[PDB]
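A single chain comes next, written as structure tokens; it is the form deposited in one PDB entry.
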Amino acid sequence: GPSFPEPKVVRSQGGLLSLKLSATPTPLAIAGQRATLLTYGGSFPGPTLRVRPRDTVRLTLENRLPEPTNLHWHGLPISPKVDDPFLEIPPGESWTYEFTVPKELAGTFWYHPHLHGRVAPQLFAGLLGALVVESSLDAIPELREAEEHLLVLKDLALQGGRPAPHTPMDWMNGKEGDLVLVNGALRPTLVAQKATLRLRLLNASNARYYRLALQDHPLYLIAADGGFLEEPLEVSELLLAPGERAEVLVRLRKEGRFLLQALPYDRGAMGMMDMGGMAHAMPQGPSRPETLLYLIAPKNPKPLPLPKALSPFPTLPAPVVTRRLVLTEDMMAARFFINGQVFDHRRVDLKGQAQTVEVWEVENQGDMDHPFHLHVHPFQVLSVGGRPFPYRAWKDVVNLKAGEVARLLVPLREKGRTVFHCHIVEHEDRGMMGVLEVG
């Protein structure tokens, strides 16, 4: 096939994407070895769904797993009666998700399980796929003439031909794997045919961070999790926390081979040491550097000029309330808290009003990085750690290093009961999640 593996694409037809997926234990070849993964559509990653604003999506999920499951439509500002974090599809049963893609929406989204207590083993085992919302902005020449690729960043560990089981330490840190894969391939080669590449990036890992850097090149950020920036932003590196997405333009500068790497990054994962009657937690330190892919530039590359403008960010109404959500940790218990409480599906933690804007101050009082995710209601990051954000764009995951406060501007959209949680999904399963009700 093509030198660069990407998930098969399913496109809406006539304004309708009607599709049946099964979540099933699937024998596969992955990274040169045979393993049984849990997949949607028989593949890892699952198929990429590609849709347009105002399309109807009709996705029937058939659960062929031995445990209940469901879907989270991560990043989609749709009803929590559709993107239902409390729904359980029992083994052998099916459920049809039907929604209309919102009109003012563009970017890279994804789908994965969100059954409390079950998310980390199910996601680690292979249950995820991308959803792309096309934009009329994709027709401007500076994007249309770029070479587009999707990069699903997701790691894996295998034991006896199956995903490695979670250990106690995995529930504390979030599980990372030794196979650091792009679209399920081990260090694929991307032989570019155009000088400008448009890369859609998805961190679909349970816990691994990707400190992205391309050798000898900057990246031009053009979209965050949930939409375009107002204009391209040049960056020397780009950190993608679990659950985050970005879109970047790469302008290949000369012929040659260039490594896309995940540089060393310390997210505060912990180990255990015994140095003479000790048995105390100790930092793992930064991750070892990983090569993600080999990028081969074409001959005499002449990149396109960057687009001058992308999408204006909406002027939001003045906010009517300020929230505070403090994250804390009990590491040795592998328990994780929001304002001192663990998740309770029967308990409503916040009550807000549809079509108002809230300021959420999320404070990480732990020592690990925690990537904070809100369902249903995309937000504008105003600042993190007291540093203003350098762009305006919709996000739905914001990473907090130890001690950092993030200030979010949160327009409340669809009415109903939804959730917010750490997207180190082991921490969510272990309690770091709360309930928002919008009325």
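Start at 1 and count along the sequence shown; that's the residue number. Rigid core (definition): largest C-alpha set, two forms, superposition within 1.5 Å.
Same protein, other form: the form deposited in another entry, not shown, and the subject of what follows.
Only one entry in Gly277, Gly92, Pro305, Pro141 has its C-alpha moved by 2 angstroms or more between this form and the one not shown when the rigid core is superposed, and that entry is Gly277. A change of 3 Å or more separates the two forms for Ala281 and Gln341: their C-alpha atoms lie farther apart in the other entry.
Between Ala281 and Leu156, the Cα spacing is larger in the other entry than in the shown form, differing by no less than 3 Å.
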